[PDB]
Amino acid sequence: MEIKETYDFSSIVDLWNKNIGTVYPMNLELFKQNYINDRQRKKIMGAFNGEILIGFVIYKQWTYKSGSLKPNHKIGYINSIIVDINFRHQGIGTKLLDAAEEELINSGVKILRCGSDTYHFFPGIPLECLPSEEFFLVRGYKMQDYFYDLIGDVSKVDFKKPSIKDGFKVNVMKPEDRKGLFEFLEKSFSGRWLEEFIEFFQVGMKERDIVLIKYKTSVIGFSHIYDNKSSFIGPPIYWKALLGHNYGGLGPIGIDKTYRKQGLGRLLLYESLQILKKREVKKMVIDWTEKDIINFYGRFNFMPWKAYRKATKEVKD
């Protein structure tokens, strides 16, 4: 067996699907979108039996800015790691992760995270991969708390509009709104979300995927919505092969801090979901939510669907 770099995406995707595809179905379109577009220092290492790929690890160092956030070179990520099911418990996963970690560490990394990277596949260790928690624990990762993707079928329920105090307008974005959107982001959400807006417009997000809320003419919040015509495969629709025909998604969503807890986020979510409903969306997902926010969406009949554990390894000096 040899560990060496591989950019054979079909082989990686095939191995991904054979092992975990029941619950994380992968397609080449998504895999290449996410791997190729990522701007961090990144590598894929494979484990090989002759010509046969039997496992891989994908890993990154935070070397490229996030909005107004400087990159912190102290931080590295394990985007994913899979050993083929016919080759488990032979030390291959260990050797893969030792190779990744040793490189990151030589390049200045002191904090290693499971998923949560830019262009992630996972917010954390998936619940369907719960046995791997013990793998990471054995290597010095600490387990933390959970994030959730939520699922709902927007065609099955009707809701009544939160009562609209006047002045607040909710509408799909137009091109001329881009400046006002960016200025609102630098103000309120100027890290990863700002960066995602910049990058996602570069990889095929269109104005029709964005809903804006304004008080008068000031942009005071936004959501991003997905359906089967979106060009960019964003996190809400990663696992679209599980979601049937007329799938969709939503996230992120945000409201200017000085406008919070007045019912406006609820109005924004209400209007976003009506748009999707009118687009004939059925099953849809809200990705990467915290526990304490579930009920916000749960009022609209969303339920936790997938769970992920944050996990972090602090490198010893």
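Quick note: we count residues from 1 along the sequence shown, nothing fancier.
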Mean C-alpha B-factor comparison - 178 to 186 and 108 to 116, higher one: 178 to 186
Stretch exceeding the other in mean C-alpha B-factor - 11 to 19, 302 to 310: 11 to 19
Selection from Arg88, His224, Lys142, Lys165 [criterion: highest C-alpha temperature factor in the record]: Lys165
Options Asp287, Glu29, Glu51, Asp38 - largest CA temperature factor per the record: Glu51
Third of chain Cα B-factors occupied by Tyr259: highest
Within-chain third of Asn228 by Cα B-factor, per the entry: middle
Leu250, C-alpha B-factor rank within chain (lowest, middle or highest third): lowest
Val172 - which third its CA temperature factor falls in, relative to the rest of the chain: highest
B-factor third for the C-alpha atom of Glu103 within its chain: middle
